[PDB]
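Chains as they are written, first to last, in the numbering used here: chain A, 215 to 256; chain B, 215 to 256; chain C, 215 to 256; chain D, 215 to 256. A virtual CB, placed ideally from N, CA and C, is assigned to each residue, including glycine. Take a look at the structure set out below.
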């Protein structure tokens, strides 16, 4: 949990509530793979 | 240009710069179709 | 409508019906912008 | 690995090679979360 200084952070306005939940999902999806991507080679 | 009170607006933090540009594109893409979607039936 | 030889075409299997409709939308969204992107400068 | 009869499968044509790799990524991303989604509650 050290250094939240990973990639520069940004913000984006998303109109619509249903659309928001959709983007949030794809966002967490990529973040999920990125978590297993930094997984040292077994 | 009257009433910016369309769908409720929201905000989302997106880590990574390359990823940001990507999401912005899909966002403008949907907004683009939405613009021609509200096009009265010729 | 000449030369369908634009970018090489590909195919992707998408599990789930609700998910399919979602991807199709983003696909048409980009294709929509691409149509106005090749719009000569007024 | 029993019953590949999960959600009905579909197919989508994606023009452009760079765009294809992009969609494939989001596809695997959702499939990745779906894998941990069916994870029994610890």
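From the beta carbon of residue 247 of chain C, is the nearest beta carbon of chain B less than 8 Å away? yes
For residue 219 of chain A, does the three-state DSSP call read helix, strand or coil? coil
Range covered by the alpha helix (DSSP H) that runs through residue 247 of chain D: Judged by DSSP secondary structure, residue 247 of chain D falls within the alpha helix (DSSP H) whose first and last residues are 231-251.
Please tell me whether residue 251 of chain C has its Cβ less than 8 Å away from any Cβ of chain B. no
For the region 234-242 of chain D against the region 217-237 of chain C, do three or more pairs of beta-carbon atoms, one drawn from each stretch, fall closer than 8 Å, so that the two count as touching? yes
Have a look at residue 251 of chain A and residue 246 of chain D and give me their C-alpha separation to the nearest angstrom. 12 Å
Residue closest to residue 221 of chain B, alpha-carbon to alpha-carbon, out of A:225, A:229 and A:219: Ranking A:225, A:229 and A:219 by Cα distance to residue 221 of chain B puts A:229 first.
Does any C-beta atom of chain B lie closer than 8 Å to the C-beta of residue 219 of chain C? no
Pull up the distance between the alpha-carbon of residue 216 of chain B and that of residue 227 of chain A, whole angstroms please. 19 Å
Closer than 8 Å, Cβ to any Cβ of chain B: which residues of the region 225-245 of chain C, in chain order? 239, 240, 242, 243 and 244
Do you know whose CA, among C:224, C:232, C:233 and C:231, lies nearest residue 231 of chain D's CA? C:224
Under 8 Å between C-beta atoms of residue 244 of chain C and residue 233 of chain D: yes
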